[PDB]
Structure formats: C-alpha cells, structure tokens
Amino acid sequence: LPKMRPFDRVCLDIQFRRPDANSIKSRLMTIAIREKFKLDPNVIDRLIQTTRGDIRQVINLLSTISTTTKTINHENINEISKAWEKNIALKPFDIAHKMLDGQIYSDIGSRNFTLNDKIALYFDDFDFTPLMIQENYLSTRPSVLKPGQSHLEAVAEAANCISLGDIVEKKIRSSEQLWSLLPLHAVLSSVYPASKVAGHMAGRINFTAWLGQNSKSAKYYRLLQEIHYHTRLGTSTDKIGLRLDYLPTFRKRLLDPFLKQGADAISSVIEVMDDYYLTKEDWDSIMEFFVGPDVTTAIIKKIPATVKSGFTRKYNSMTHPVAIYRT
Amino acid sequence: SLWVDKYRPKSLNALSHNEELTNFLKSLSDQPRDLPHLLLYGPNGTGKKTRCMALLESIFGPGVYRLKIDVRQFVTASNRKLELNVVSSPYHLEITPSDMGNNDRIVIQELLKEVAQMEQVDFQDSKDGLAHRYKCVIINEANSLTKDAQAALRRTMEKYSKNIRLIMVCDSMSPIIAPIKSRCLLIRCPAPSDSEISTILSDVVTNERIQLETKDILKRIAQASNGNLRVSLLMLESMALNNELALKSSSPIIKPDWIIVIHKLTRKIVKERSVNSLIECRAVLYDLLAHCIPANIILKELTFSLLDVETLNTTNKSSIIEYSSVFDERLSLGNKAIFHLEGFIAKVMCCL
Amino acid sequence: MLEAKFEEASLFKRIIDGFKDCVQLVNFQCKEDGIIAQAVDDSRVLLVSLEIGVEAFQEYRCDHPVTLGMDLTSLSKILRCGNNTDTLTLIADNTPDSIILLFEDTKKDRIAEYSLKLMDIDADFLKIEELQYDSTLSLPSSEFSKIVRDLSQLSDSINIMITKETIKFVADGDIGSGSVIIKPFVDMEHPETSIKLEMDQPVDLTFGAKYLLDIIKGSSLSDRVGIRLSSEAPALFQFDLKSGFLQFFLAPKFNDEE
Amino acid sequence: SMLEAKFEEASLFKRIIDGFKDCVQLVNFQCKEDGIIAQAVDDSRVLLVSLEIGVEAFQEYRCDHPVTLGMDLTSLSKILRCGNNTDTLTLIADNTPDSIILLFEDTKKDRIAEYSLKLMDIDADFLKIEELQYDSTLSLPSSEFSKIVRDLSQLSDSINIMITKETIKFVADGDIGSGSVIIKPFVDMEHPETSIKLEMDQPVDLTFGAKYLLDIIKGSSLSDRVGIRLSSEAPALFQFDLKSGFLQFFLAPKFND
Amino acid sequence: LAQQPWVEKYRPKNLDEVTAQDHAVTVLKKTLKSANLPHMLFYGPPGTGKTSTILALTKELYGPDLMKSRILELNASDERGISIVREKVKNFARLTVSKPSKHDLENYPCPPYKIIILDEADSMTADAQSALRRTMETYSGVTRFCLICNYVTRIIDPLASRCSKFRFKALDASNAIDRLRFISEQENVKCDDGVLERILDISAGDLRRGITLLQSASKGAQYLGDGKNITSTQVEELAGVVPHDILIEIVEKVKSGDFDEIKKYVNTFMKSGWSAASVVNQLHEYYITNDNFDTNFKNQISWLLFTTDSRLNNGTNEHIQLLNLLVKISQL
Amino acid sequence: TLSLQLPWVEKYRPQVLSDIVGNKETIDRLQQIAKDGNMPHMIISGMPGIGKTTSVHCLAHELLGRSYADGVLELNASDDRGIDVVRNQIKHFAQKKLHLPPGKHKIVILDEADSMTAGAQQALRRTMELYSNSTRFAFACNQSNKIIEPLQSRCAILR
DNA sequence: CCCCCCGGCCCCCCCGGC
DNA sequence: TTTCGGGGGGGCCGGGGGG
Ligand SMILES: Nc1ncnc2c1ncn2[C@@H]1O[C@H](COP(=O)(O)OP(=O)(O)OP(O)(O)=S)[C@@H](O)[C@H]1O
Ligand SMILES: Nc1ncnc2c1ncn2[C@@H]1O[C@H](COP(=O)(O)OP(=O)(O)OP(O)(O)=S)[C@@H](O)[C@H]1O
Ligand SMILES: Nc1nc2c(ncn2[C@@H]2O[C@H](COP(=O)(O)OP(=O)(O)O)[C@@H](O)[C@H]2O)c(=O)[nH]1
Ligand SMILES: [Mg+2]
Ligand SMILES: [Mg+2]
C-alpha cells in the first residue's frame, strides 16, 4: 500500500507466505486426536484452500464443525468448504486477468461465472478496473470471435463501448452525482469490451499508463499557462494558439541562434526574452514542448558548455522586466 | 518583437481587411452610450481580438492599450485556493474563466458581479473623481465556458446593463447556449482574402527589408495558412529566419511539428491496419496529448489528412467523415479524450 | 542620503498595517517634505493615500526625492520582528535594490536592524484635487469601529445619511435592520470624544461592509476618524497622523433602483 | 405604539433569554396588560419552556391590546449582543406587527441604537399546561440540584429520580459504575435559603435524559432555589422563581421498558 | 434612456405591455382582484417575456415601495444548493408579510403574501427541488413561489405538480408585429414594407433578438446618414443569414455528388464564418419546401437534418458536422 | 384508540433457540454451543428478516441467564460506534471483571456491523485477541464483504 | 487575576452498486 | 484523477467556571 512507502528502506522486510497444507497437517492431526473427532488427512488440503492458508480460520472451522459433526470425511467436505469459503477482493492485476479470460464467457463458463459475478468483480475495485481493461484489451488472443469476425473488428467494438462508458462516467461524476449509474458503467467500461476480446493474454499484463500521462499533461499545461501569462502583454492569442503557432517561431528566435553563431547570439536572445518578459525557466519550459522532428533534448545537450555558462552569466548579470508581480 | 505582434493595428482606421466589418464597427462606436452586449464569432487568427481592441479604442481613448496583469484569489466550497490572472486597463477588464475549468462559474458569480454591482473611482479625465461610464469586460474563449457559468451570466447581463457591457469572442457559437446568444449582438468575423493576406505580408516584408525574388512566394504562404493571418505572419517570419532573411521561389513551406506528427500518423494508419498498428497509434496519441495539443484539434487534423489521401475511394471517405462526426460528438460529451481518439482510429482501420 | 529616524517605530508599524489589506504594492515617494503615497486598488473602486510629514519623524532628511516600490507584506515582515520602543531609520543609497531599516533603541543592545528589498512598481500622476464635499464629520475611531462591527453582522451594505442634526447609519439585512443614529455631541469634561459635524447639503450613500471593515481595521492611527461625503464624488475616510494623514476614497455602490 | 415595555437595564432580559436559549430555537411571546407569557418547544418535542414576566419587572409597561410575536432565539441573542448591558432596553411593537423594535438607550450620552427584528408566522396555543394535584412536590437550592446533576451526568446519560417518604434519591447507572445521592427534608432557621422541603402523596419514580437536565440547570442563575413537581403519567415540572415572574421547564420522562 | 439598450429600455413596465401572452396574463390580472395567486411555473423558449411578466406582476401587486420587502429573487448567478434551500428560502418563507403603509393599501391591492422567484430553476439540482416541495406546501398562506425555466423537463415531477403551469408561446410576425412596430415608431426608424416581418421571421420566436437586430439596423442607418429606408438585405446580412446565391451553390455542389468538390467548397465556405445552425436551417427550408423531390428523399433528408441539428446542439465541430451532412445528402 | 397493540413480529419473536425456523444445522450448532458454552467469536450473515438478530439474542440470553444485564454489551447502527468508542468503551467492557459460571463469557453484540468503518474494525482486532478468556464477540451483518479480512479470520462464519 | 474544563467551529480525508 | 453531499475524526480557539 502507498501508506507504507515511508518504511521502504528503513527496515528489514520479512515476508510471510501462506503456509502449505503439508506444513500444518501434523498440527491438525494432533488437534483432532486431542479433541476426539475424526479428521481424514485427505480433506485437509481442501480445508486449507477454503481458508486460503489461514491457520486461525481453519482451527476455528474445526472447532465450530466438531460441536455437532464428529467426522470430517470426504462426504461432507464439499458442503463445509462451500459454507466457509472466503471472499477476498481481487487486486487490479487479478481483476484484469480474470475479466479477459475467454473461458468465463463461454456458455458453460457463463453458467458457472455469471454476469452478476462479473459486475461484482468490477466492483471489487471500481476506480481501477476500467483503466486496466482499457489498457490491456489490445493485448490478447481472442477465443470468442464470431464467425467471420476478425480481431480488429472486435477491438473496434470494444473501443466504441469504452468511449460510451467514458461518457457515462463523465455523467456519474458531474454536479448531479448520479452514482446510481455505477452498475451501468461497469458493463460499458469493463464487462462488454472484455467479452468482445476475451481470451488468453498475449503478454504480460500492464498497469494503466493513463495516470502518468495525465499528470504529465497537467504539468505541461501549467507550464504553458505560466509562459502564456508571462508573454500575454506582447502577443495576441490564447494559450492553445501560443502552443500551436508562436512557439515554433520563438524557438527559431531562441534556440537556432545558439547553433549558428555560438556565443555571439547571447545578447540577441536576451533581447528577445526582454521583449516578452521571459525568463530562463520559461526558456527551458518552451524548449521542452516540441515533439516529433523538433525534439531539442539532443540539440540542447550538444550545445557547448561554455556557451550555456556564458548565457547564464549574462542573464544573471543584467536586470530584466517583470510582467506579473508576486505570481 | 515578432512581426506578428510588432505590426498589429491599434485603431479601426488601421484595419486592412473586411472593410464592411470596419464600417459596421465604426457605426456601432458612433454612439457607444447604448452599445449592447457583443459576441464576435469567427475563424481563429482572423483578427477578432484586434477588432475588439480597436472598437474599445474607438469608444474610450488609446489608454485601453495600457494593460496590466493582476492576480485574484478565489475559494471553493471545499476551501480550495484558486488563482485567476486578470488583464485590466483603466477602462476595461479581460478574463478567461475557462482557465479554472469547472470552477469558472465561481469567477462569473463572484468577480464579474463584483464589477457590475459597484462604481469605480476615476481620478483622470473626471472632475468629480467618479467614473461616468460603463465598464467593459472581455471574456476570452467564451465557447469554453461551462453551461453553469453561461447560465450565471444571464441575469447579470440584464440587471446591470447600466454599469457593465460584455464583449465575448469565440471561434464557434455551437457551444454557446441559446439564452446567451439571444442576449448578445452577434458579429461575424470572416477570414481575410488571399489578396489581403498577400498585401499585409508584402507590407511587412517592405518594412523589414526582406529580399523577395517574386511576390508569388507571399501568395504561396497565403494559401498554406488557410485564412489564418497569425499563422501566415509567423510562417513568413520563420521562412525568413530559415533563409538568412532572403526568400526564394524554392523556399519550402514550413509546417509545425504536431502537424508533421499527425501526417505521419495518417500515413501509418493508411499503410498498416492491425492491432499492433493500433497500439503504436495509441502511443503517438499519448505523446501528442501530453504536450498540450487539444484532442479536438488532433481529431480534426487527422480526419482532414485522411480525407486528403489520394488512394482512398469515396466509400472510405464517407465512412471516415461519418466516424469523425460521431466521435467528435463523443469527445464533446466525455472526459478521457484518448478513449474516443482510439475508438475513431479503430473504426477507420476497420473501414479501410 | 534619505532617512526618516522615527520617534517610535510602532507608529510606522501601525501606519503600514492600516492599509495592508486594501493594497499591497504601493509606491512611496520620500521627499524632504515627507513620505507620500497614492495607490489605486486592484478593482479600481478604492484609493489609498498616505502622508507622513517631516515633523512626525524624530530626524528626517532627504538630498534627492526617491520613489521606492517597497512591498507592504515584506515591510510588515521587517517591522513585526522589531522591538516595542525603537527609532526606525530608513537608510538607502544612490542605486538601492534594498533599503536598510535600522531598528535602533535608547539602549545599545536592543537593536533589530534588518534589510528590505525594493520592487519596481509603476506610478502615475494621480490627482486628488480638492472638491467641495457636501457634508463632513469627525467621530471617535472606537465608536466607528463598534458601529461597523455591529452593523456588519446584519448586512454587507451600510447606508449613511447626513441630515439636519442627524447622522444615520443603517444596516438592512435578511434577519432584520439596525441603526445607531448619532447627533452632534459635545463634552466639556472630555472634548476629545466630542462628535463634530459641518453639514451643507443632504447626502445619502451606500457602501460595502467589507471595505468599511477594512478601513476601520486601520483606525489605530488616530482615536478619531473623519468622513467627508459628496453627492457626486466618492466619500473620503481620513485618519489624522502626527503630521500627515491616511485617507481612503471608496466608490459607492451603484444605485440600481435609482 | 401598540406595545412599549422598558427594562431599566438590558442585563435582566439578556439573563432571562440566556436561561433557556440552549434548549429551544423558536419562541412565541404573547404580551397583554398583565405582562409577557412566552412558550417554546425543543426540536425533539421532549422539553417545553414556559416563561412569565409580570408588569412589575418593567420600569414602564404599556400594552393596549394582546399581541403575539413569533421569533427565533438565536437571532434575538445575536441582536441583544449588539447592545450594551448598561443601557435601558425598550421593546416596541405595533398593531398586527411584522417586526419587533429593540431600543438601546444610554442616558449618559446621546447614543440610541434601534434594532428591528422580523417576526415569523407561528400559529400556536400555550395550552396552559399545569397538572392540578401532583403526586409529589419538593424544592431545594439550585446549587445543590446543579451539583447533583453534573455529578451524575458524568456516569450515565440517564438519571432516575425517586421520591419516597422523607427521601429524595437521584440515581445514575453507567458503563464505568453507578452513583446514588440521597437527601432528606430539613429546615434551618439560621439560613432558610439552604433548606429543602418535600410534600409527598404517593411514591414516585421517573427516569429522565441527562442532556435535558443539564440544559435545565442553566436556569439556576435566575433563582437561588428550584422547585420540582413530579407525577406519574405527567411531565416533570422544574420551576425557577423570578422577581415578578417564573421560568418553567416541562420535561417528559422516558418510557419505562 | 439613451444609455440603455433597446431590449432593457423597452422592457414591459406593466402586464398590459406584454404582447402575446394573453392566455396567462389574463389569469394573472384576474388574481389582482381574486387575491389567491397560486404557485406558478413559467416555461417557454428564450426571449418570450417570462421574467418581464413576473416583474410586472410584482410591480402591479405591491407597488414601487413595498415590492422590495415582499420579493425574494434567486437566479443562476446565486448559489442555490440544498443547504441554501433548507435555510435561507425556508427562513424567508416562514417570515410574516411586511406591514403595508396607508399609501400602499389605498393605492395597491397589497395581497397578504410574499413572492419567492426562482428564476432559471432548471439549473437547480433535484435535491434542492425535493427540499423545496414541503417548504412551498407548508407556508402557502404567507408565501407563493414562481419557478421560471426554459426546459420544463428539468423540473422534478412533484414541483411541476405543485405549481400551476404557464407556457409562454413563441413570438412571431403574427402576434408580435405590433410591439416591434411601436418600438420602431418611438425610435423613428424608417423601414421598408415587410422589414419588420422579416426580422421577426429571422428571430424565430425570440423578440429580444428581433429588437437587438432592429437596433443594429437603426445604428447602421444612422451612421450611413443617407435618409433611406432600411432594406431587408442589410437586415439579413446583420442576422448572419447566408446569401441565397451561396445556398444555391451548395445545393448544386451537393447535386454533383463528388466528394472532393464538396470537401473543397465546404473548406472555402467555412472561412466566411457562417454559423452551422443557420446553414442547416436554410438547407432544411430549401429542401422541405421544394416540389422537385420525392417522398422518400424528403423522408431521409428530414432525419439527416434532425441528426445534424442534434449533434450541433451538443457543441461539436461545425466543419465536420456540415461536411458529413452535405456528403450524406449528396448520396441520397 | 390511544393504546397500541404489540405487532405479531415482536409479540411472537422467538425467545428460545428452539423456536427459530430455518438453517437447521447452524441453529443446532448454536444450541450445542449454548448447552456446552465456550461460545467462539462469530459472524452471522444473510439477507433481511431471516432470524439473525433473534438467534444472537436468544443465544446470549440462554448462555448468560440472569447475568444478561451485566455480561452483554449491545451496539448497533443507531448507536455511535466510532474509533473512540471502540478504543474506550468496548475495551473497558472487555477488561471488566465479572463472575460467571465456569463455561460462560461476556458477550459483545455488534448488530449491523457492516456499517462500522475500517478503523474501528482494525481497533477491534487485538481487543478480541487479548481478552478472549473473558469476552466473546458476535457480529450480525447483511453483507459479509464489508467486514475486514482480519476480523473474519478471528471469527466463525455462519452464512 | 490566572489556570483548567469542555462545548463549538474549523479543517482534512474518504465513500458514493446490490 | 475528479466537477457535491454526507460522514467521521483530529487540531485548534475560546467562553465559562473555579481557585
Ligand atoms: N412578451 C413580450 N412583450 C414585450 N417584450 C418582450 C416580450 N418578451 C420579450 N420581450 C422583450 O425582450 C426582452 C427580454 O424579455 P424577457 O422577459 O427577458 O424574456 P425571457 O423569456 O424571460 O428570457 P429567458 O427565458 O431568460 S432566455 C424584454 O425586455 C422585452 O424588451
Ligand atoms: N427464523 C425465524 N423464525 C421465526 N421468526 C422469525 C424468524 N426470522 C425472522 N423472524 C421473525 O421476524 C422478526 C424479525 O426477525 P430478525 O431477527 O430481526 O431478522 P434479521 O435477519 O435480523 O433482520 P435484518 O438482517 O437486521 S434486516 C422476528 O421477531 C421474528 O418474529
Ligand atoms: N495589417 C493587419 N493585420 C491584422 C488585422 N487583423 C488581424 N491582424 C493580424 O493578425 C494577428 C492575429 O489577429 P487576432 O485578433 O489575434 O486573431 P483572433 O483573435 O484569433 O481572431 C494579429 O496579431 C495581427 O497582427 C488587420 O486588420 N490588418
Ligand atoms: Mg428570463
Ligand atoms: Mg437484525
């Protein structure tokens, strides 16, 4: 859990794994002998599976069942296991792996694993399941393709339903707070697309990449807003127009000069900055926006260190105007 | 300063295209004491903000161009602290409430009202020290306002018309609700003609002493801009800088990086139609979105680039445009843009 | 070159505190005559004026008038750390990016000298040409603070009416209305608390409760506050200093019903 | 004016209001030629407050015709906090009034404060709730009752009062323990104010909520003694006597089950 | 006055100044003598006179002085959460009516109740309306409620049941020509025959839009200073109506059926700034009323236009929607 | 007219474990526990109106006889059951000293335990573990998944 | 005149389907 | 991640009472 992050590397981590049945069978035999009730060794593994390796739970089960039943044999094991079986909420990776399994969507598999079960599986974590499905629905080998249907058509149908589910989610978290639509969302975002592309995973299940991309986009939008409001007194546009139209020319007037005349451009570049109330941090932020064939990372790295040092010294040795006071 | 900003006209008499609109604005400014609320709609980069500033300069004095930036605090119901940057002059205030997203409503319900419910002290040009004129509020990207903010604007526009007048600017009136349009005088702002763009570019070139082999180069820039004058001027400056301030008939037309990426994505989609191609397209879309490229712009440019492919037939283009319409509607009503973009790309891949 | 050695630095602390909420970036012009300041609020509905005459300072001198765009929050930070009884000095240089505030005391150990950065604020030629205010009055600052605090609980707008031998303050709200009507009052035993009123023409004006609360918050400068009301010009709230005054011009609420 | 009632000092009215402001929110005052009779009921409908102020408490009282004013207590307290405690307080009302005027006047100076409080439409009857012959009636100093209630409330949220021949028992049973206080009638001629008197017809035993008793004991500031009348099948009556009036709390006992 | 736009300057001052809402104004005027005003729910399209009607009703009910203390107005510019409804609205509804003065009693009917006007009530959440239900029901004796909305479906069913409904009809050239002509005469506006009718046809039920267009035309004529009657051409130009030649060109390109030509023409057309809604409306008018088309063609085109209009109403991209509509029509 | 009559649901509420119909195996197990004592920590789950509260109350009454008043601590959704309550009042009750027959223990009945927050459930763990020699816990809920896994591990499941 | 008890805001964080 | 509303739990602040 994230709450435990502070304990990352300040303690020796000791992991305890679910003990196997063989490591506890002797204890169960001793308890059964001491408490005068017959316990078949064969059914012990089934009991352990029922409690998922919880010795406290299995001892409690034995105590509760021994009050009226004096023999835990193969006959009554099924009923006892079904009555005492645990319900552990699956984690996002397990939810993604199970939802994309093609077996559960077959006729028989549908009979065993029902639609209600799938909706409950989604609700086990209703904030990450749709993200996991959207992340992993393109990386399977479908086993539910209809006669003549190709993988691409099923993927397109799943994407259409994911878009509809996104619209429903926007409705849910609006000012109306329509949380009663949570079940419907479950169908549109997780169950239906998975049923369309259910099968075997073609590779490792991956966590959603949408959160990191969203945070990066928010950071870049904040930087763009600061740059726009620093240059707002000189330009005539909104922030989008600044990103799409002004920044290329700003680069041609701020980066290219350093790559042609070396350290002779410094003053000129500074002048341009002074004309738009720009700063060194705005310089870097602007240089960090371009994509495709205009990525500056290598270009900036290849600039001689002396030129950059001279630019920094010249900027730090001169006064500059302030567009916004106490930003 | 860049040529796009250094040569922007500062008065109605300095405008150079759409003379009919200039005459209409002069007629509106002739008797400004009863000027209604204005809504200027038109294509981006045509000169809407320039014309709004020129109209204000015609109503008030040149002082409208003496701008200053201030920061205003706001508190939400949860005590969240929000900042709004306001550009103001001694005669008007400019605001972009969409900067606060869903919180824009608060700005309408707190800031604008505060301006409209009080008088102001004017110690210059007024003997009594109190202003004897209505205050103008410009709302930028009015089409980005949420429905709640637009609803809040309604009664404010009517109750305090004696003290406040609104001038809104937009690239499309479709997102504006009907009551707001009913409350405004709508002004269409057509894009400049190719000849007018060429004339402006020639004037800029003459002022900047840029060597030009033939005037047709300017013409070539004018078509590439698709009526966007800001793009035209910026492209002229970029071309001049890329050829040592000496342009030739062979001077290639420069395109922005995001447009190049979108064209490459179009080529990839046309060439390869598979799930792995879809994953690569998803990666490209994420890269484009992470760098402040609006989703609607991406969808529009991708759709038109696809429709510009010579190897596609009429059925493919019809399917592409239908899917583009459907997923534009989906984007308008959704949160996660990548979902709708991926759905559109998958549908296009299936159709091809 | 420029210094304003104070009799007591607490006076300057109160002066700065009296208008910090209204404005934060104000240009201070220091001349041999004294300190002058005029700042328009962000909303362009309130103007703050400050005058500190040369007489108030224990020892003030200037060789060339200097305009400092000193920030009020940083100045408050500097002054808060100072001691109770000092002789604040405002020394600077020919090209000051900062001003040294010398918090000197009678003793040689109780010293709280600091430095304060100076900002580059743009100042215009604000004109406050005197106007024939219709009716003016002066009443103790404590009474004004009490009236404003009591009436703010009722409503966010306060109406002031000046009529023959009548100074009516009205606060009408959702739960009810309140009035603290006062009349010309003169005390022989303690004339300092007497109410002064010179009335020429009737005045009725409505003001925002928040602005009045902010104005009274800076009433510690003087035990008395003066109000000048003109029917066609903004009101004027004045607090007399030792040799100057702190003044506020407030734009009345737009009269929609009128 | 229709109704004009003058208090020499606003302190008396403020103390009267503070005696029951924490148990009720809406109050109704009926003013007549005999004085002011006010009633209020708590939100839970478990406690009833009945205040009576006679004409002797006012410096000058005039009420031509009966008038009913329904008001909200928190607003009244907020308004009263705006006036000084050393100023004469005049309550003024008109025919079919829509508001009540509170005039704070300081004779030392020319300071007059007028406060108008808007009335609320409340159509209700007082019902003159008072049982004829209570099973038991006792009286004792308010300080002793307040101390006992405070001590017992710390142990439980319920307090039982049992009245038997020459015996008054306050009992509380809680999680950490139990407490019992037994008092017998006694009279002292040296200081009769400290005496406790009891008159019992039948034995009584009633359980009440601790929070309501804690609210009720706040009225001890208005009187040095408190009278408790208890009867089966009827609410318990706690009375604090004023100079020319009274403050009564009718508290419904808890169901015995 | 000369410092007010015509829409606000000519706002009705009394119920007799409402133009074409007699079916409800008659009942409202009757209530003056009846003095049993019920809870009201005004609904209708934009610019029909709901707010003006309620303001005039209050003016005539309480007069200029007593109105302020008898009216509580809340609109979309004010916070109206569930807490606000549960405290402020309830407290105002519980108060006794302010005492009328002798002047008011002798000069105005002075009904024995106050009015709460929740303008733009369709913007309120369902929880707030649920809270309002019993507040309106309980204190009807001293308070009456007026809910004004554009979309009646946004009002929860219990509130609609509690309120008496008043539908404000659309204002067109047949029922609102008199008011526009009166305004033009009072403003000394010279117009050719049929100009006012054309303005009212273009406004499409909104008298505010018509008045604003008339004011714009008057300003243009005054600036020109030629002393000539305003013509329908400049009226159409000011309203953003596409010229008929452009519409015929679009129709011809659609009839051609070539995707590339249609795309190029639409790209050129979108640079003029024409609104998509106006183009769609004009195309609908041209196609539905044309005799050179079969029943099946019109049946399909009606649904196509409906779909395009519904999509445009959601704030979509005008270029894409218009191109899709034209391509689909060309393939019919 | 002003005298209510007890509804049959309350009038005929089973007062003994032998008057409860359904879930024969679990009911017989509860009867055996009552006869032999040594009640374990238990969680009874199901859907509305099947006899969970009735069963718990009958078991507690039969086990504790006349010591029901002092040996039983009943809390439900109508009572405050925050983390502070669990840490103070429940802990004090568990730590309390009470004299009971050899085979009996104090009982804490948390009815509608699914409404309790995660923090209170966490706080209940070591209280249940340390004082089991004198106190036993019986939860009754409609949805078992609301109860955290550590608490379920310490209890006997009766669905 | 100063210290301690304990009521009330104030703030922060976390669900919201069957 | 998050556009309200409700609920819980902790930290202060301050009125009142006691010594
Ligand atoms: N029935 C009408 N009679 C006369 N003028 C009208 C009428 N309806 C609208 N107007 C005119 O248009 C202006 C606005 O009228 P409104 O009362 O605001 O319409 P509305 O229906 O309340 O608008 P909405 O629903 O908030 S968009 C008025 O000031 C009038 O000048
Ligand atoms: N097995 C049963 N046998 C006889 N009566 C029952 C039985 N179950 C429920 N009842 C009757 O229904 C009434 C309520 O039973 P409860 O024990 O309250 O059910 P419940 O399952 O605990 O309800 P929930 O889960 O809190 S909604 C009892 O008083 C009984 O009269
Ligand atoms: N010479 C000239 N340039 C113009 C004119 N109108 C706009 N421009 C130029 O075009 C640029 C963009 O105009 P702008 O108003 O910001 O675009 P919009 O707000 O998106 O419509 C401006 O920076 C001007 O330089 C004009 O009338 N004459
Ligand atoms: Mg309206
Ligand atoms: Mg139950």
Side-chain angles (χ1 to χ4, degrees), chain A residues 16-88, chain F residues 17 23-46 55-56 59-60 62-63 100-107 125-126 128-139 144 147-159:
Chain A
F16 284 63
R17 292 156 143 75
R18 269 161 192 111
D20 53 297
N22 280 318
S23 303
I24 52 99
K25 175 172 283 201
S26 91
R27 167 71 20 110
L28 291 212
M29 297 342 268
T30 300
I31 290 160
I33 280 193
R34 175 58 200 177
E35 294 285 35
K36 318 231 205 274
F37 72 82
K38 300 229 161 24
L39 170 89
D40 187 342
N42 297 128
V43 301
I44 281 167
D45 222 322
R46 183 51 182 295
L47 295 168
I48 306 326
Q49 192 54 222
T50 312
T51 72
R52 287 282 277 118
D54 193 314
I55 288 112
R56 186 161 42 207
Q57 184 76 101
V58 76
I59 298 163
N60 281 323
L61 187 156
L62 288 168
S63 193
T64 306
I65 299 296
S66 17
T67 72
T68 50
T69 284
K70 263 43 175 70
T71 178
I72 312 305
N73 67 27
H74 61 75
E75 313 192 20
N76 64 11
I77 188 56
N78 214 353
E79 196 157 280
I80 290 152
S81 260
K82 275 309 163 243
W84 281 69
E85 70 77 53
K86 264 182 162 68
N87 329 309
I88 303 142
Chain F
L17 282 171
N23 299 271
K24 204 190 298 313
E25 274 80 17
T26 305
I27 290 281
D28 301 320
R29 250 161 200 121
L30 295 179
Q31 306 225 234
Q32 197 63 45
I33 281 157
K35 268 156 98 295
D36 303 299
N38 191 34
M39 176 189 129
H41 304 286
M42 57 182 25
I43 299 163
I44 285 155
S45 207
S55 302
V56 166
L59 175 68
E62 154 143 20
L63 272 166
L100 306 156
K104 321 300 202 181
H105 304 80
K106 293 168 289 160
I107 304 163
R125 290 163 61 175
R126 211 79 181 99
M128 289 169 67
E129 271 190 288
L130 289 162
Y131 303 109
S132 54
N133 280 276
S134 46
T135 317
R136 294 300 156 83
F137 280 70
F139 310 75
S144 10
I147 305 175
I148 64 179
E149 191 174 347
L151 287 189
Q152 291 171 345
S153 168
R154 290 162 168 79
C155 293
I157 319 282
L158 312 171
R159 305 189 170 136

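In what follows, every heavy atom counts, from backbone to side chain, and hydrogens, waters and symmetry copies are set aside. Order of the sequence lines sets the chain letters (A, B, ...), proteins ahead of strands, with each chain counted from 1.
- No donor-acceptor pair under 3.5 Å is formed between the side chain of A:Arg52 and the backbone N or O of A:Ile48.
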Before you tell me yes or no, could you show the steps for A:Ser81 and A:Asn78 under side chain to side chain donor-acceptor pair (under 3.5 Å), namely the whole-Å CA-CA distance, both residues' side-chain angles and the distance that decides it to 0.1 Å? CA-CA 5 Å; A:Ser81 260; A:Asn78 214 353; over 6 Å; no
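- Between the side chains of A:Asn60 and A:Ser63, no donor-acceptor pair of N or O atoms lies under 3.5 Å.
- Other residues, nucleotides and ligands contribute at most 12 non-hydrogen atoms within 6.0 Å of the NZ atom of F:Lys24.
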Any chance you could lay out the side chain to side chain contact (heavy atoms under 4.5 Å, CB included) test for A:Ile65 and A:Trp84, step after step, and finish with the verdict? CA-CA 11 Å; A:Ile65 299 296; A:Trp84 281 69; 4.0 Å; yes
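- At least one donor-acceptor pair under 3.5 Å links the side chain of A:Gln57 to the backbone N or O of F:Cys155.
- Counting heavy atoms from C-beta outward, F:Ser132 and F:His41 have side chains that approach closer than 4.5 Å.
- Judged purely by atom type and a 3.5 angstrom limit, F:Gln31 has no side-chain atom pairing as donor or acceptor with the backbone of F:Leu59.
- Taking all atoms of both residues into account, the shortest heavy-atom contact from F:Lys106 to F:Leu100 is N-CD1, 3.8 Å.
- For the atom pair CE (F:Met39) and NE2 (F:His105), the distance works out to 9.5 Å, reported to the nearest 0.5 Å.
- A donor-acceptor pair under 3.5 Å is formed between the side chain of F:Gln152 and the backbone N or O of F:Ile147.
- Between F:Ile27 and F:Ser55, the shortest heavy-atom contact is CD1-OG, 3.9 Å.
- For A:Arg56, the CZ atom is densely surrounded, since the number of other residues' heavy atoms within 6.0 Å is greater than 12.
- Separation of atoms CG (F:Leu63) and CD1 (F:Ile33) is listed at 8.5 Å; rounding is to 0.5 Å.
- Annotation: F:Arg125, atom CZ; neighbour count of heavy atoms from other residues, nucleotides and ligands within 6.0 Å is above 12.
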I'd like to know whether F:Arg159 forms a salt bridge (charged side-chain N to carboxylate O under 4.0 Å, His left out) with A:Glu85, so could you lay out the CA-CA distance, the side-chain angles of the two residues, the decisive distance to 0.1 Å, and finally the verdict. CA-CA 10 Å; F:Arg159 305 189 170 136; A:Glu85 70 77 53; 3.3 Å; yes
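- The closest donor-acceptor contact from the side chain of F:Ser153 to the backbone of F:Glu149 lies at 3.5 Å or more, if one exists at all.
- A 4.5 Å side-chain heavy-atom check between A:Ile72 and A:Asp40 finds every atom pair outside the cut-off.
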Decide side chain to side chain contact (heavy atoms under 4.5 Å, CB included) for F:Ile157 and A:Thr64; before the verdict, give the C-alpha distance in whole Å, the side-chain angles of both, and the deciding distance to 0.1 Å. CA-CA 9 Å; F:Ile157 319 282; A:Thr64 306; over 6 Å; no
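- Although no hydrogens or angles enter the test, the distance criterion places no donor-acceptor pair under 3.5 Å between the side chain of A:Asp54 and the main chain of A:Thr51.
- Taking F:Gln32 as the reference, A:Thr67, A:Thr68, F:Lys35, F:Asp36 meet the side-chain contact (heavy atoms from CB on, under 4.5 Å) condition, with sequence neighbours excluded.
- Scanning both residues, A:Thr69 and A:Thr71, for their nearest heavy atoms gives CG2-O, 3.3 Å.
- Remark: the backbone N or O of A:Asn76 is paired with a side-chain donor or acceptor of A:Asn73 at under 3.5 angstrom.
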Let's go through A:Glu79 and A:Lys82 carefully: what are the C-alpha distance in whole Å and the side-chain angles of both, what is the deciding distance for salt bridge (charged side-chain N to carboxylate O under 4.0 Å, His left out) to 0.1 Å, and is it a yes or a no? CA-CA 5 Å; A:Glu79 196 157 280; A:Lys82 275 309 163 243; over 6 Å; no
